[PDB]
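Consider the single chain below, provided in structure tokens and representing the form deposited in one PDB entry.
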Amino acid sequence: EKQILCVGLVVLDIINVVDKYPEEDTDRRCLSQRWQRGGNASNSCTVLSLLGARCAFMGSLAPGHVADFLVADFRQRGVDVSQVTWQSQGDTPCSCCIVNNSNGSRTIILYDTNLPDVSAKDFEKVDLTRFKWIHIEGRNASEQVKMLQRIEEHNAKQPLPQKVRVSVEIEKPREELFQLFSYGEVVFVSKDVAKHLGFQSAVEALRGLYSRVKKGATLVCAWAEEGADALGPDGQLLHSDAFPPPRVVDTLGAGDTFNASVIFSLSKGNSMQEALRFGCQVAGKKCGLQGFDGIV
């Protein structure tokens, strides 16, 4: 019963739900406030655990009351925390999020600049035989490239059912990340990255970025209310319409819900078309709920 490893960020999300987006220099009372475990790779673990998958998290944490709460939340959700890279120096990332109840918008201000990242040296200790899928949240690209090369070396010595499946996510429009396109069987590219590169649709983004992926890889792009699209080695464009809820209340973590649902579906042997549909269905349902718990 092999696990799914998600390598990336874990952050304390201090979420304020408001009735209207605040105007600069004003004071208001929130409708509600919650302290939620966040970060793209950590949120993928939450969704994977809710779907019934055995999953592990690999990311950095600094000792303190914040890390204890985040670890206690991971444990309660049954996410394995043995690969956590404990840092003697630095600060656990923390974000302040504004969730607008009226349209489901999420405005994030993140503090994640004072913590050493998972190194290639740290990743060298990971027993790759306990994982069937490794998802890397694109962050410190130069070190993560070495982590991806290690999996490639491992998989070349393994028979087809013993090969670890690899997915990569390019979510932030940072130049350094673009070297990660070349790795993984599944590459997730955000609407934000695509729009920053000049793309006005998911189909445009897939055609424009496919030459960057590994030979035989599938490029995946979710475009919010326009749905989600994919392009694999057969050159066929795949699409699923979005499944918006009756009332969009919380879009915070919707992207991760999509990524984790696609990984879940693909790891179970479903096709890319089935994974695209499932991804839109689960993230769609998530957009009509506060947090993640109501998806199942």
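Residue numbers here begin at 1 and follow the sequence given. Each form is matched to the other, and the largest set of C-alpha atoms that superpose within 1.5 Å is called the rigid core.
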- Quick one: higher average CA temperature factor, 114 to 122 or 156 to 164? 156 to 164
- Between the two ranges 263 to 271 and 32 to 40, the one averaging a larger CA B factor in the entry: 263 to 271
- Task: In terms of CA temperature factor as recorded, identify the highest of 207, 106, 196, 135.
- Result: 196
- Note on the structure: Of the three thirds of Cα B-factor ranks in this chain, residue 234 occupies the highest
- Can you work out whether the C-alpha temperature factor of residue 64 puts it in the lowest, middle or highest third of the chain? middle
- Looking at the entry's B-factor column for C-alpha atoms only, identify whether residue 94 ranks in the lowest, middle or highest third of its chain. lowest
- Task: Check where residue 146 lands among this chain's C-alpha B-factors and tell me if it's the lowest, middle or highest third.
- Result: lowest
- The third of the chain into which the C-alpha temperature factor of residue 224 falls is the middle
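Another form, the form deposited in another entry, is not on view; read the next lines as being about it.
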- Query: With the two forms aligned on the rigid core, which of the residues 34, 54, 28, 268 moves its CA by 2 Å or more between the shown form and the other one?
  - Reply: 28
